[PDB]
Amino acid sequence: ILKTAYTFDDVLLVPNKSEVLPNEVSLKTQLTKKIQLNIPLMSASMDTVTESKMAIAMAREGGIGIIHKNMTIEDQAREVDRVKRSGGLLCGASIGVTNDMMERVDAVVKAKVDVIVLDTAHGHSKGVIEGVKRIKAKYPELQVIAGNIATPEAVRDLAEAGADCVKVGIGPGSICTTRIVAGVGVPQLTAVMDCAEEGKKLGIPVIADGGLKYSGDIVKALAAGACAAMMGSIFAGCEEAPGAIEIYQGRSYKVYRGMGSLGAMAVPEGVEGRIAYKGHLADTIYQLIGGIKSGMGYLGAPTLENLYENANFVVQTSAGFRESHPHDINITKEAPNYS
């Protein structure tokens, strides 16, 4: 009708002439204008992904973790404190549009938090916009990420409110049912391209949040203009993630649920389930890092800015999708970076 939007599986990157080996690329990126990460990875702010244990591991990996707000204000400030009490580690906290929102900001700021994430289901709303201005009035130097959005117009209005960064993604999450119960959402790839274009026109970087399943998907997001990528599912199985280990018919599992699921709220827009135990975060990141560098090797990109400036996309069909994945083969040895 208006246009057809695409997600990550609809698209492929086209190989460019390369004069750079995968081990020669640099994954440095600017999260906000005052905060630089060594790798463009962020762990999701959920009660089953990121607490003290995960945030410390991520920051030590060159990324950053966002402490979830599904706890008391006192507890969250203590979680942030733990991360800051172990070296100069970057740490983020989650803030929501509520009645005690400023009291919550006051606590984590005193806990010396680096970045604040103001995430609601609908970022392009009166609550979020006025909320950002209200936070930027008391703490002008505090770095603020707002979300989530899916349109260029939302990027502009959030920038006007004083946001330093915006989170992009309405519906792509593996645990998300927003597009099903509300019928609302924009396919993540198109959403990232449209928002990053407007973002680079105003000087405000964007974050690709949700829908990422493979390392190659991250390369598509980074080549679409995203300054960083947020994942829950990929990190939820890691040992650094909250929750106990469950054994189900010989295999090991970890629980994983959306912040809009029934259990987390204790009308839902998320589900609740389990994912396979992956082990330590370091091993997951290694395969992710290696895959991205390999991708940037194919495109001749030494940095992430060169990746974006010289990336060409092509659309693939259902048949092309089957060709991209391994096919007509009975896999006997599982790979660390696939399935």
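Start at 1 and count along the sequence shown; that's the residue number.
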query: Unresolved deposited residues in the interval that joins residue 266 and residue 267; finding: 10 or more
query: Comparing 168-176 with 139-147, the one whose average Cα B-factor in the PDB entry is higher; finding: 139-147
query: Mean C-alpha B-factor comparison - 42-50 and 272-280, higher one; finding: 272-280
query: Candidate set 191, 259, 218, 244 [ranked by C-alpha B-factor, highest]; finding: 244
query: C-alpha B-factor winner, where the candidates are 319, 315, 13, 21; finding: 319
query: Residue 8 CA temperature factor, ranked by third within the chain; finding: middle
query: Ranked C-alpha temperature factor of residue 287 among modelled chain residues, by third; finding: lowest
query: Within-chain third of residue 102 by Cα B-factor, per the entry; finding: middle
query: Within-chain third of residue 207 by Cα B-factor, per the entry; finding: lowest
query: CA B-factor placement of residue 95, once the chain's modelled residues are sorted into thirds; finding: highest
